[PDB]
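Encoded as structure tokens, the structure appears first; notes follow it.
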Amino acid sequence: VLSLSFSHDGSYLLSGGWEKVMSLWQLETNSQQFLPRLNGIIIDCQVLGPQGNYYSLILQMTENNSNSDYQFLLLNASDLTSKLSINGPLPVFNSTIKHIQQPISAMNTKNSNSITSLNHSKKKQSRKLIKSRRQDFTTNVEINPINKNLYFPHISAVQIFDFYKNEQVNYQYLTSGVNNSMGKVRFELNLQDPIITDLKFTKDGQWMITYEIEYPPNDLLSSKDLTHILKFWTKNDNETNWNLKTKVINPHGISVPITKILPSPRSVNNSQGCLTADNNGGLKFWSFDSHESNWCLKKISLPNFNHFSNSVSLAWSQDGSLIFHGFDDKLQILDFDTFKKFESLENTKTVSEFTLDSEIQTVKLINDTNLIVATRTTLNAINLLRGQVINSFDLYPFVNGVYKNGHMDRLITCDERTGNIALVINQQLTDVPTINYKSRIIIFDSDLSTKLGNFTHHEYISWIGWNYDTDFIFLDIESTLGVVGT
Amino acid sequence: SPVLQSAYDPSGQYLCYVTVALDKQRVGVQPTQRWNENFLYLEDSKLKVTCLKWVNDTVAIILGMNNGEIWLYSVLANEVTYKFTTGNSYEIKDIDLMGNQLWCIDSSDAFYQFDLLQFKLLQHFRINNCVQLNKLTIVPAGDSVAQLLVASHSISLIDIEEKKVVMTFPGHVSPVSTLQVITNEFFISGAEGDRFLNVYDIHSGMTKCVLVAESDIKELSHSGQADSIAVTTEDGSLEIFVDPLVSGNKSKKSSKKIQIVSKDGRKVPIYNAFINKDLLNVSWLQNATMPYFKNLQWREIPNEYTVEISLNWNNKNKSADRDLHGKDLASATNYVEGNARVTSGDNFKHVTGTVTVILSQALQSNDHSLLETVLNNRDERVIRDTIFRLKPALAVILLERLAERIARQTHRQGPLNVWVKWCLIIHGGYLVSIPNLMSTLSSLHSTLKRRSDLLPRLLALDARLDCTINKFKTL
Amino acid sequence: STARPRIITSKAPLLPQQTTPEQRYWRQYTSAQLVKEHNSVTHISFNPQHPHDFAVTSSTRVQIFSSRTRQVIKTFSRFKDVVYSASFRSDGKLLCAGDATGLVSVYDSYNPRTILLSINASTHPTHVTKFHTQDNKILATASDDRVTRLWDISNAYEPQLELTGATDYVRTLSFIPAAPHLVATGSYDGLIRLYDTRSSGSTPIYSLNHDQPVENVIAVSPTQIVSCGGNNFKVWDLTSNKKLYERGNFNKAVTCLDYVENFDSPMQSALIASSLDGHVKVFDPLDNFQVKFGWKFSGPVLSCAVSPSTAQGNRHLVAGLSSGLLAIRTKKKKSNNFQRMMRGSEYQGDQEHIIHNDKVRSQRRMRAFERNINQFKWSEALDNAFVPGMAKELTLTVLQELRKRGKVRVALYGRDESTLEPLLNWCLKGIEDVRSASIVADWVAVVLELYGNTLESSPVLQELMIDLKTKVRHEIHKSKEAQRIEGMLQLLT
Amino acid sequence: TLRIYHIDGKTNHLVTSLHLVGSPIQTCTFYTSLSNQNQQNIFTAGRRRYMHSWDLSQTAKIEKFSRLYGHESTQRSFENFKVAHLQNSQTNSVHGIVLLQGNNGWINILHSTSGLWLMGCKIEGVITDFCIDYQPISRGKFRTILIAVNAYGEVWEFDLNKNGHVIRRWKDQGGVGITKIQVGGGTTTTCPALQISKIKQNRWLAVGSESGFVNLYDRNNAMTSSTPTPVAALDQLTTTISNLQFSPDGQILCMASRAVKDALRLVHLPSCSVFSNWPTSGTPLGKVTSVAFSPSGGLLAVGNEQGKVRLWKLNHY
Amino acid sequence: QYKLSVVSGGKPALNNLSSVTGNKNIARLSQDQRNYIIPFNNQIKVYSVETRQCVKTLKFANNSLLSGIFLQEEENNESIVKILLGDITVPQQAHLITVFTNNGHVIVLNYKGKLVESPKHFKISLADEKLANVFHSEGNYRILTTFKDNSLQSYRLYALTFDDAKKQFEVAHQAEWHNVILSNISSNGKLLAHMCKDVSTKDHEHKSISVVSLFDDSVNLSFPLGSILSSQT
């Protein structure tokens, strides 16, 4: 039991538990009338109206284990309809940020907490944040360009937002889960919902490309295989709901993730294509068909590598001829017409297989002239017309074991019109690395010729992108959006 | 008209209107400059408001009523300040005020002059050769309020000091409805049920002009120096005559005309518009009693004009909580696929007694009946001899069809698992020679990959099965 | 607050040769009735104006059938020998019947006992007689005399034009809907000639060589025609004067081809072609005359016809088989005091100021498994899923969704042997599919790890497991061979 | 349709005309609160399971009471409700209650500001009618009494100041099948009040039933006799009594029949005299199925089968 | 060339610092049921209830007093404890807002118009212990504070009065309880209920519930969980 609120009369009791139900209990004849589905577990219930007209209730949105994503709801008690829902942005961090206790339940799960488990887990998270160096807190965040709409890949959902007025506009489910069909008991809180990892849009903005992973339940037989599901959705500008057009299950075979997904620009097929890339290194370019209303597997480059590493990425030259591929210790250049190496007949050492020092984390070309490749330990800036390196910077004394693979790619972005923007995060320690953070956004231009601007922020920064007004958008550990602009 | 009577204030900023409310007349002042919920009910359902005057130092109105006593009513304090009682059980048929002096017509054909600063009846007066009098005005002749006009179908210019009828203008058949003196020595008289306004010249005792309207007049107003005569019209209209005192030269038509309609098509009637120089204030009723107003420029407005107002005629009840269909705004929408197409990653698109003559005929001309009827065979020597004396490309499209029928009914793949080997055995050189193997045979690759995918899990199951079955064999 | 999400149906990866809505329409064509006739029927023609009727040639008899009833409406039997052709006018009233005496008998429809015109062709029997479509009062007939004749109704005793220049056995001729003057004609030499009527006529404008004997000429497009003869059929463009495409997709030499356009169908243009086996095949010129559907009737089909675009009702596809058969497939389409006390339910509110509503539609009726899964009684959900009369895909949805929502153990707690039996009966019925082998493996292993010793206590489940072991070994044999062929398939790559 | 008209003697015009879809309007009632005096709700129900509440200018606010917090099994229809005041009597606060009929004897009492299932009382048999009587105890406190009536003739008097309890019963003399019970003489639903100090007691109780009979009793002797004798037994109608309505000052009772046309009768009280000079044979009434009074002005609106609401005024008030 | 500015704020900043009280709704409805005021982590957002949208935003960075108090760039302690509708200083002005944060501050501001850029600042005396809860009947104010001398916190009850001087906030030192497990206050605001481990020290059962009246001494009762619970538990 999480919440109990008495009426002014003394015969009604508003109850709230982990199952997502607010139950009005009538005490005389021992009855109840409830609300069984409200997008998350219900933390608090309270009465507001003098004659008992409004129910105010606070919810947790327990799907995010990393963030306690509060939701305030007003309620007209007459017809039990949703009036005045208020919620901020709901990011999904990779782990817990700052002293977020999972609520008190009976059985200790990955979603719930006992009491002794609450104390032991509090000590565990405090000692983890003190001892560990892996503090990444990286959030996948996208911006739909045709409406400049902020998009949060929530756990088993998406949150559509606009930062102009600071209001959540939509919350859409995309996976065949049990987020809203059923309030969860402990043995099904152990059955966590599928995680939608990647959310991108094609540069047309009308096609939304998603990648999610389905988890089978524990103590079963096919609990080892995870189901990779890619999906293509469509929506208009007068309509804020995405409708799923195409589903693709197990791309590149079963149990093989497609962890890097890059959309196509308008120049090739009016941005109706995507390129999926594995730990295998194979590249699948899917495209929307003309006569038929789905997407199809247009181009395939299929090797089969016995070793696997998530240190991959891919970039795309703006005229659609060549593809950069960031492999671990290896940079690859792919033609678009035949999906082979860049065979140049002049042979002027602009080869398709470049050697680099460590695991590549991102490859971003600012134009067809300058290519910024940031590894696990070093950042570099090379040219494309001539195969000579120009710039390089040591990324080791700050990113040592802080991030996993792909997170620097999801972090550092590039505006097509002003240059490159990188991030660094450090911690302010007082005699134990103290939990208070401090970040720095640094702006370069023209393959890091100069630092256009170094701006130190007094707290953590979890994601940076650019809204298509050429203004960069950065996030905080608290659900806060700031804009760096002209 | 629910609003029965109405009158503007000088400088045209407020208007008082009286209207029936459950057979009880309420007076109410609404501003027209940009609601005023203040009113006054009449305590009797018998005494009613008959003649209304606006008085400009507390802002007030003055009401000649059915009881026979003038009610001076302060509107800022919203209270009946004074009751000037007349000495007759009659009705104040007309009211008139200019500064401190007040004149009134009582239905006993009685002139009464009252003083506000005295709060007292100065003089009762009655005159001969005036048997009905339902319009009265005093001429703007300065501080002298004498030589006043009365009018009931025939105008009597009658003095106050000399107290006798001086002039007699031929009026109308029906009594005079409105009688307004715009400037000096010229005054206009209009009857009810009349389209014919009579502009009269006073001292000559004549008709300067006759203004005409297209239908029955409701309300009259004039600007300062006779540059505008605005008549709101009983059908609901606003006909304005610009400079109607200048030079077939006696009768003059309307210069411009303004209606008020709504966006659905419904016309909203007009009552008591007030004009100034180069500025016009028009009035209508939005609800059954609520008065709405608008201001508009008649010089710039053309000869014909209508004012549109978007009335709630068939507006859908829009609510913020409820969506366009079914559910509410906070309802986080779920996941629906509908008829969505599903595709796996291994389906490549856009990248001696034989039966040989029958295979060739069917695969040249596809028939599923011939396909199943010849596929019913299982004899391996027949399989070998057919695929030996079979064409290579016919065998290619046959193997496509084989993968297709295996996928359609997997139960058929038993006798077909030995057939599809010999297609790759005998025509294997042609299968190397073809350039697009995965493109011509994406389906066989798909089904063999799917079975290869199932194989380790079912092997694990079979291990668990064997363990348990040996357990209950031994015990 | 939200609503209850409806239960999401499981969708497999697509199996090859998936159903398009065009094939959905060709299977929506249902209701194939068979009508016996005396000899091989020759020509079927629908009524253009009101397509509720169609005439079929027969033994010395023309039979007009209906469409909404599919019954014999009219029987013309005034002939001496077998009628050769039957074609309607452009105005749906006057039909012509080419006979075997060398004469085309033309009379009005809806009246059998009158003879409006007996147009005498050449003495050799007139094979194909057709009305014009743009013009309303001109005919064209072709005989065994290897001459075609253009006839008017006013001059019925002498032909209007005598079109010549043929070689052998003119058996088809047709017209073009754009030009009412240029005609096409096919004899038994292929070689479709294209003549002009306003000009001389005995010499064509141009020829198009079809080597095997062309049997039907079909003006599909305003720019394209069809050579329908021999084993193949070639679709030409006459404005380019060359064959745009060719299709040799048939077994026997073709005998019939018709075309239909701009009607209630996902495929706008459809081309039917019957080739003397019962085999009628539907292509489409929009997809370059590619195969879209095919029916097979056992008797050798001689004719085929479609209901026109203005059929405004039940759509019909008739195939006349040379055994004397008509195979038609049709896609089919309180007191005064009481009303005066409740007569207000029919206003709908078209005038009032404010309109407000919050009603919801009666949704699709939830099934038994859906109600029990939403009501969380999961074991009885398993039983009502494993009733005998319910489908493999639906119980796959139940199994997948229940394994996702809850666990198999809680689904399987309080089970006895009489409820254990249908689970493993369905498992032995469905282990031989690719779609559900992993899921049935999960569930049967979970029930095994739960009910080890009840299995050793019960003997009637022991015989079912020994039945499972011999059938679980075919994926160890046949699907193991599926991987072996996958190995020797990469050898050819 | 809910048609709101501003009413005059010469021009009776539309303030609002709302239309509901799939929602018949058999009963509709205004409400202004005794605590707030400015709320202006409209409660409306028909042969369905939802009761609409329209609040009081282009977007209309319409809530719907559709769920029952205690039990939805008693009534398969909301087609008849009554509105009333209710003071808590622990806190000196008066709010709005609505009374709804069920199957056999269940009258459901709902807090109307939130659709709350406050109370319920079961009379046996088949529920026929019910009404609200007000009883001022002292200066600042009143208590409401549910006067319900069955078919056979039993009259139940509950109090709802506390939890709903039965104060008393008494039988109507006659009335084999009873249709309408109606108490008048003071503040009722037809003569509402503006403040608590304006609340008085009723005086007379009329019952109008299928044989055309209206038994009229005086409360001052009914409350002490507990098996009372009717002051009058009016029988001037021969069909079903469908509308019993008192004056706002307790001087005329009208009885109207929806079975036959021109079926309205006026009775002066306490003289208990059925009037002669109206309605005449040349009085346009039709099938009289609805009647309504003015609060102060002495006007009468009569709505009939044809959809017409004719208007009269009595000249004394 | 480039300037950074915070644009949008999310999390409603509920009282997670307390973690003992079950009535954690900081947000309250106004006297007129027209506007709902929620104090965010970076702003204070007021929403008109009919149109459902944010009728007013109050950015702590845009103000100069809330930036120097709520938006300190080193400590995250001070969050909004409670809003109060009526004016503490003057009796019943209409569109005023009284903000109590964690550390003894009283910020009086104006909504329904423009925020006058100098909100009334009043520091309450005796702010050694942190402010946890604050409420009122007519005239007198009541403050529940959390004090630390076994990882359990004493609750100190003070009575607050005003209108003697400007800065002065007179305290009365009502009561004190040694340690509390789960305290809650009724919706009327006149009754609270708490527990203690003093009974875990004295007797077998680990708690006893004690209900205490605030503005009087009427309901002051104590009873054990040994009398409350059954034996199957």
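Chains: A, B, ... in order of the structure tokens. Residues: from 1 per chain. Ligands: from 1, in order shown.
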
Dump as a tab-separated table the rows for residues of chain E within 8 Å of chain B: closest atom pair and distance in Å with one decimal, only C-alpha atoms counted, ordered by chain and rising residue number.
residue	atom	partner	partner_atom	distance
E:50	CA	B:320	CA	7.8
E:51	CA	B:320	CA	6.4
E:52	CA	B:320	CA	6.6

Next, write the just-selected residues to a file, as a PDB file, in the first residue's frame, keeping N, CA, C and O atoms as the atom set.
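Generated output (out.pdb):
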ATOM      1  N   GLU E  50      -9.246  25.257 -16.565  1.00  0.00           N
ATOM      2  CA  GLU E  50     -10.216  25.027 -17.630  1.00  0.00           C
ATOM      3  C   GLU E  50      -9.527  24.829 -18.974  1.00  0.00           C
ATOM      4  O   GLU E  50      -9.866  23.907 -19.724  1.00  0.00           O
ATOM      5  N   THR E  51      -8.553  25.680 -19.294  1.00  0.00           N
ATOM      6  CA  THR E  51      -7.893  25.581 -20.589  1.00  0.00           C
ATOM      7  C   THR E  51      -6.739  24.587 -20.590  1.00  0.00           C
ATOM      8  O   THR E  51      -6.143  24.374 -21.652  1.00  0.00           O
ATOM      9  N   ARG E  52      -6.396  24.013 -19.432  1.00  0.00           N
ATOM     10  CA  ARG E  52      -5.444  22.930 -19.191  1.00  0.00           C
ATOM     11  C   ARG E  52      -3.986  23.381 -19.359  1.00  0.00           C
ATOM     12  O   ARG E  52      -3.079  22.614 -19.026  1.00  0.00           O
TER      13      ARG E  52
END

With a cut-off of 8 Å, could you pull out the residues of chain A touching chain D and give me the nearest pair of atoms for each, distance in Å to one decimal, using only C-alpha atoms, ordered by chain and ascending number, as JSON lines?
{"residue": "A:26", "atom": "CA", "partner": "D:70", "partner_atom": "CA", "distance": 7.3}
{"residue": "A:29", "atom": "CA", "partner": "D:70", "partner_atom": "CA", "distance": 7.9}
{"residue": "A:31", "atom": "CA", "partner": "D:70", "partner_atom": "CA", "distance": 6.2}
{"residue": "A:32", "atom": "CA", "partner": "D:69", "partner_atom": "CA", "distance": 6.8}
{"residue": "A:33", "atom": "CA", "partner": "D:69", "partner_atom": "CA", "distance": 5.6}
{"residue": "A:51", "atom": "CA", "partner": "D:113", "partner_atom": "CA", "distance": 7.2}
{"residue": "A:52", "atom": "CA", "partner": "D:114", "partner_atom": "CA", "distance": 7.0}
{"residue": "A:53", "atom": "CA", "partner": "D:114", "partner_atom": "CA", "distance": 5.4}
{"residue": "A:76", "atom": "CA", "partner": "D:114", "partner_atom": "CA", "distance": 7.5}
{"residue": "A:77", "atom": "CA", "partner": "D:114", "partner_atom": "CA", "distance": 5.0}
{"residue": "A:78", "atom": "CA", "partner": "D:114", "partner_atom": "CA", "distance": 3.8}
{"residue": "A:79", "atom": "CA", "partner": "D:65", "partner_atom": "CA", "distance": 5.6}

Near-segment 109-122 of chain E list (8 Å; only C-alpha atoms; drop same-chain fewer than 4 positions) as a PDB file with C-alpha atoms, in the first residue's frame:
ATOM      1  CA  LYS E  56       2.065  31.529 -15.935  1.00  0.00           C
ATOM      2  CA  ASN E  63      14.032  36.335 -10.750  1.00  0.00           C
ATOM      3  CA  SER E  64      16.949  37.680  -8.740  1.00  0.00           C
ATOM      4  CA  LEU E  65      15.819  36.433  -5.315  1.00  0.00           C
ATOM      5  CA  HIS E  95      -3.465  36.811  -5.978  1.00  0.00           C
ATOM      6  CA  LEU E  96      -0.604  36.383  -3.496  1.00  0.00           C
ATOM      7  CA  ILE E  97       1.627  33.340  -2.991  1.00  0.00           C
ATOM      8  CA  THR E  98       3.634  32.443   0.115  1.00  0.00           C
ATOM      9  CA  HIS E 105      12.543  31.364   4.248  1.00  0.00           C
ATOM     10  CA  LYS E 167      11.385  40.526  10.781  1.00  0.00           C
TER      11      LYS E 167
END

For this session: Identify, on the basis of only C-alpha atoms, every residue whose closest approach to residue 137 of chain C does not exceed 7 Å; exclude the query and any residue fewer than 2 positions from it along the same chain; express the result as JSON, numbers by chain.
Result: {"C": [135, 139, 152, 153]}

Could the residues in this selection be written to a file with C-alpha atoms, as a compact mmCIF listing (two decimals), in the first residue's frame?
# COMPACT_ATOMS: atom_id res chain seq x y z
CA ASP C 135 -20.85 3.98 -84.09
CA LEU C 139 -21.40 -4.31 -88.32
CA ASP C 152 -25.02 -1.26 -92.63
CA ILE C 153 -28.60 -1.87 -91.51

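For residue 95 of chain A, the non-local neighbours within 12 Å, defined as residues at least 4 positions apart in the same chain or in other chains and counting only C-alpha atoms, are residues 64, 65, 66, 67, 68, 91, 99, 100, 110, 125, 128, 129, 134, 135, 136, 137, 138, 139, 462 and 477 of chain A.
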
With C-alpha atoms retained, export the selected residues as a compact mmCIF listing (two decimals), in the first residue's frame.
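Output saved as selection_12.txt:
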# COMPACT_ATOMS: atom_id res chain seq x y z
CA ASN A 64 12.27 3.86 -15.69
CA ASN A 65 14.55 2.13 -13.18
CA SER A 66 17.11 4.90 -13.70
CA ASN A 67 14.84 7.92 -13.21
CA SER A 68 11.93 8.44 -10.82
CA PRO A 91 14.57 10.50 -19.97
CA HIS A 99 19.86 9.03 -4.60
CA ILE A 100 16.73 7.65 -6.27
CA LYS A 110 15.06 -5.08 -10.56
CA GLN A 125 24.58 2.85 -4.91
CA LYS A 128 29.16 2.45 -6.42
CA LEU A 129 29.08 6.17 -7.21
CA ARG A 134 31.95 4.23 -15.25
CA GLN A 135 29.64 7.22 -14.66
CA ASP A 136 28.19 7.70 -18.17
CA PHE A 137 24.44 8.49 -17.73
CA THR A 138 24.09 8.64 -21.52
CA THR A 139 20.58 9.29 -22.87
CA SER A 462 23.84 13.99 -20.33
CA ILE A 477 20.53 14.94 -14.85

For this session: Select residues of chain C: the criterion is any atom within 10 Å of an atom of chain A, counting only C-alpha atoms; output as a ChimeraX atom specification.
Result: /C:1-13,374-376,401,403-410,438-439,441-446

Which chain C residues have any atom within 7 Å of an atom of chain B, and for each, what is the nearest pair of atoms with distance in Å to one decimal, counting only C-alpha atoms, rows sorted by chain and number, as CSV?
residue,atom,partner,partner_atom,distance
C:1,CA,B:331,CA,5.5
C:2,CA,B:331,CA,4.2
C:5,CA,B:334,CA,6.2
C:11,CA,B:342,CA,7.0
C:12,CA,B:342,CA,6.7
C:13,CA,B:343,CA,4.8
C:14,CA,B:343,CA,5.7
C:15,CA,B:407,CA,6.4
C:16,CA,B:404,CA,5.7
C:249,CA,B:365,CA,5.5
C:250,CA,B:365,CA,5.0
C:251,CA,B:365,CA,5.2
C:351,CA,B:314,CA,6.5
C:352,CA,B:314,CA,6.3
C:353,CA,B:313,CA,4.7
C:354,CA,B:315,CA,5.7
C:355,CA,B:316,CA,5.0
C:356,CA,B:317,CA,5.0
C:358,CA,B:326,CA,6.9
C:360,CA,B:326,CA,5.7
C:432,CA,B:411,CA,6.8
C:433,CA,B:410,CA,6.3
C:434,CA,B:451,CA,6.6
C:438,CA,B:457,CA,6.6
C:441,CA,B:461,CA,6.0
C:445,CA,B:461,CA,6.7
C:456,CA,B:472,CA,5.5
C:478,CA,B:414,CA,6.7
C:479,CA,B:451,CA,5.8
C:482,CA,B:448,CA,5.1
C:483,CA,B:452,CA,5.5
C:485,CA,B:421,CA,6.7
C:486,CA,B:448,CA,5.8
C:492,CA,B:432,CA,4.8
C:493,CA,B:432,CA,6.1
